[PDB]
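Undergrad: generate coordinates for the sequence data below:
(one chain, ligands or ions: 8)
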Amino acid sequence: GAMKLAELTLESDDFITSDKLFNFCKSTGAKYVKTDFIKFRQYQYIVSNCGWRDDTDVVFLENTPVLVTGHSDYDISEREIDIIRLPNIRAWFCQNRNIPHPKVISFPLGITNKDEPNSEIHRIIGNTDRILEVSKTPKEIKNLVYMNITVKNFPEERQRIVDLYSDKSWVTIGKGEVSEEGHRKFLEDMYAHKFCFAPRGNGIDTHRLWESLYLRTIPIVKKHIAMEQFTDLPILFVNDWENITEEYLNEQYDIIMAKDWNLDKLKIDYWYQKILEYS
Ligand SMILES: CCCCCCCCO[C@@H]1O[C@@H](C)[C@@H](O)[C@@H](O[C@H]2O[C@H](C)[C@@H](O)[C@H](O)[C@@H]2O)[C@@H]1O[C@H]1O[C@H](CO)[C@H](O)[C@H](O)[C@H]1O
Ligand SMILES: [Ca+2]
Ligand SMILES: [Ca+2]
Ligand SMILES: [Mg+2]
Ligand SMILES: [Mg+2]
Ligand SMILES: [Mg+2]
Ligand SMILES: [Mg+2]
Ligand SMILES: [Mg+2]
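TA: Numbers count the residues shown, from 1 in each chain. Ligands and ions are numbered 1, 2, ... in the order given. I have put the structure below:
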């Protein structure tokens, strides 16, 4: 569905969450395994969720046509090549793809899972109803870029951004308030900017990336193989966090605003479809 970012319309159930992919695999030739159980597996081709999300099923990776991994900042890298090499696995949909292999397909981190057991932060920032609400209000641009990052999730890049662009007039620093109201302001604030700093965190993919896109705010991300399959989305990819200027962003805004984008990727259906196609 090639269309311009400004034309992004959203429904309540369109937001991508790794949970939605779990239930779609548990209910409806596709196994969802928390990446942690793939990373710290005791057997080579046998894994399981060990009760996580009430899933005691044993997975025989030698017999699964499609494997889905997520709910984690862990990446898929050479450590999992022996699984990727399995001939019966036709597709590996994963969060944080960190290997140049055509069998591995990235899917968006999306939005936090509100239904995480006994976690208010998840119940707060996992609230897609708020994101949907703000996306319906008039997008009155208050400033160019929006900065609200926890530097301690990936200091190497994040600290560099703050050291450089916090003092810029065309940048707004967002306050840190973990609450239903603090979240709403955080969404309304990011909604009111053309861009938003979306650097990688503990994991390569970040929720800020997709919160920004659902609000039609262009996220700024550093180039990474894990993002090499999202270049058909209105994301501003940068070689480094240096020499970003109001002119450069004003240039990329007009370009990114004039282009057509595969915005259907932002919808859960695109990934339901892709999992059904391969399975
Ligand atoms: C003040 C407390 C800070 C956190 C302390 C714990 C450090 C590890 O926490 C990891 O790094 C953080 C910077 C977050 O990204 C965190 O994310 C989770 O919580 C967010 C609020 C949600 O938004 C996300 O969806 C996701 O549930 C992420 O945890 C996931 O990845 C891990 C591998 O790294 C494990 O697989 C774990 O099981 C997963 O949940
Ligand atoms: Ca566009
Ligand atoms: Ca540069
Ligand atoms: Mg717009
Ligand atoms: Mg790499
Ligand atoms: Mg990662
Ligand atoms: Mg990739
Ligand atoms: Mg045009």
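
Undergrad: switch to C-alpha atoms for all contacts and neighbour counts from now on
TA: Will do.

Undergrad: what does the stretch 101-250 of the chain put close to ligand 1?
TA: Contact residues of the stretch 101-250 of the chain with respect to ligand 1, defined by CA under 6 Å from any ligand atom, are listed as 112, 122, 153, 202.

Undergrad: the second one contacts residue 178, correct?
TA: No: with contact defined as CA atoms under 8 Å, residue 122 does not reach residue 178; the gap is 10.3 Å.

Undergrad: give the buried residues for stretch 21-29.
TA: Residues 21, 22, 24, 25 are the ones in stretch 21-29 that count as buried (16 or more other CA atoms under 10 Å).

Undergrad: check for me that the last one belongs to a helix.
TA: Think residue 25. Yes: with the criterion set as DSSP: H, G, I helix; E, B strand; the rest coil, the secondary structure at residue 25 is a helix.

Undergrad: can you give me the helices for the stretch 101-250 of the chain?
TA: Counting by DSSP state H, counting those that start in this stretch, one finds helices in the stretch 101-250 of the chain at the ranges 120-125, 128-136, 155-165, 180-191, 207-214, 246-258.

Undergrad: pull the residues that contact the fifth one.
TA: When you say that, I think you mean helix 207-214. Contacts with helix 207-214, where a contact means CA atoms under 8 Å, 6 or more residues apart in numbering, come from 8, 10, 15, 108-112, 131, 135, 190-191, 196, 198, 218-221, 234, 266.

Undergrad: residue of the stretch 151-279 of the chain nearest ligand 1, please.
TA: For the stretch 151-279 of the chain, the residue positioned closest to ligand 1 under CA to the nearest ligand atom is residue 202, at a distance of 4.7 Å.

Undergrad: the closest residue to that residue other than its chain neighbours: neighbour count?
TA: Beyond its immediate neighbours in the sequence, the residue positioned closest to residue 202 (CA to CA, 6 or more residues apart in numbering) is residue 153, lying 4.8 Å away. Other residues within reach of residue 153 by the criterion other CA atoms under 10 Å amount to 15.

Undergrad: so residue 153 touches residue 199, yeah?
TA: No: the pair residue 153 / residue 199 is not scored as a contact, 9.7 Å apart, by CA under 8 Å.

Undergrad: quick one, what contacts the residue of the stretch 1-150 of the chain found nearest ligand 6?
TA: Per CA to the ion, the residue of the stretch 1-150 of the chain with the smallest distance to ligand 6 is residue 75, at 4.2 Å. Contacts here follow CA under 8 Å, 6+ apart; on that basis residue 75 touches 35, 95, 96, 97, 98, 203, 204.

Undergrad: show me what from this structure comes close to ligand 2.
TA: Among all residues of the chain, those adjacent to ligand 2 (criterion: CA under 5 Å from the ion) are 4, 5, 257, 259.

Undergrad: try it again with 6 Å
TA: Counting by CA under 6 Å from the ion, the residues of the chain lying close to ligand 2 are 4, 5, 256, 257, 258, 259, 260.

Undergrad: please report the distance of the third one from ligand 6.
TA: In this structure, residue 256 and ligand 6 are separated by 26 Å, where distance is defined by CA to the ion, to the nearest Å.

Undergrad: the nearest residue to that residue once chain neighbours are set aside: neighbour count?
TA: Taking CA to CA, 6+ apart as the measure, residue 256 lies nearest to residue 234, with 6.1 Å between them; neighbours along the chain are not counted. Per other CA under 10 Å, the neighbour tally for residue 234 reads 24.

Undergrad: mind starting the numbering at 137 from now?
TA: In the new numbering, first residue 137, that becomes residue 370.

Undergrad: quick check: phi and psi at residue 370.
TA: Backbone torsions for residue 370, taken as degrees, to the nearest 10, come to phi -70, psi 70.

Undergrad: whichever of the contacts of residue 211 end up buried, select them in ChimeraX.
TA: Filtering the contacts of residue 211 down to the buried ones (16+ other CA under 10 Å) takes a single ChimeraX command:
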select :171,231,232,233,234,340
